[PDB]
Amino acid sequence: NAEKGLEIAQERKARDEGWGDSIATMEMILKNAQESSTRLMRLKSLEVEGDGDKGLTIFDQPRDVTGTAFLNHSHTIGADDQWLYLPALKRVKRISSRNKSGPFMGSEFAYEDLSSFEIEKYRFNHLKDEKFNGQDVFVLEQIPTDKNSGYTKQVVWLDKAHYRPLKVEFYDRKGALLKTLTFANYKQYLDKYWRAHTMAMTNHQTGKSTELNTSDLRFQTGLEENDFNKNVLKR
């Protein structure tokens, strides 16, 4: 049912409400040749009344990315605002929504994967229940309403206990399975908010992969709206 899909999804969304802000210390691991390269970054996130999340990622290490920064303001309706800061020339570039499907800094995450999940961005459909990694899960489909998406659909395995994604399969514009995102090392914050400390995107067609690992997560650190102003990019 389309209406069970929507009900599940509204609950998934409702169970992740109220966290306010967070600062994550992170590692990005790119396995994008025959072998591996590692980046260090911080991700600041802010929950916004009546909108999508804002996120500011700043890369710290190694030298070829130090200072590079990515700012995202997710919108529920219409295009996200996205900007990339490159410190070499101190130029902020707006990322056009027509280009959201493109890869973010050579990784298996697209620009569009770095906005927050919002119910208004998809049409939902419950497919079936399944057992996955020994957890009871809902399997549901979400179809991006935006024609600029690189995806025809995503299929989400969502655990019944906590309504967390365990796996998301992404299908490309031609309908073919493109890549899978897995979530592991979930940890709960303020007795409510689940965050996956290990996330792995594997491209099946390519098969490059990108891991996102979190070593530390602080919530409600005092961040505010002006800390995500595009003018902050230049420091």
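Numbers for residues come from their place in the sequence shown, where the first is 1.
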- Taking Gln34 and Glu35 as adjacent modelled residues, how many residues of the deposited sequence between them have no coordinates (none, 1 to 3, 4 to 9, 10 or more)? 1 to 3
- Averaging only over Cα atoms, indicate whether 26 to 34 or 191 to 199 has the higher B-factor in the PDB entry. 26 to 34
- Stretch with higher mean Cα temperature factor, 129 to 137 vs 156 to 164, is 129 to 137
- So, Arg42's CA B-factor, relative to its chain, sits in which third? The lowest
- Message: Could you place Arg98 in the lowest, middle or highest third of its chain by Cα temperature factor, using the values in the record?
- Response: highest
- Task: Please rank the C-alpha B-factors of the chain's modelled residues and tell me whether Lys179 sits in the lowest, middle or highest third.
- Result: lowest
- Query: Would the CA B-factor of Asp113 place it in the lowest, middle or highest third of its chain?
  - Reply: middle
- Would the CA B-factor of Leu71 place it in the lowest, middle or highest third of its chain? lowest
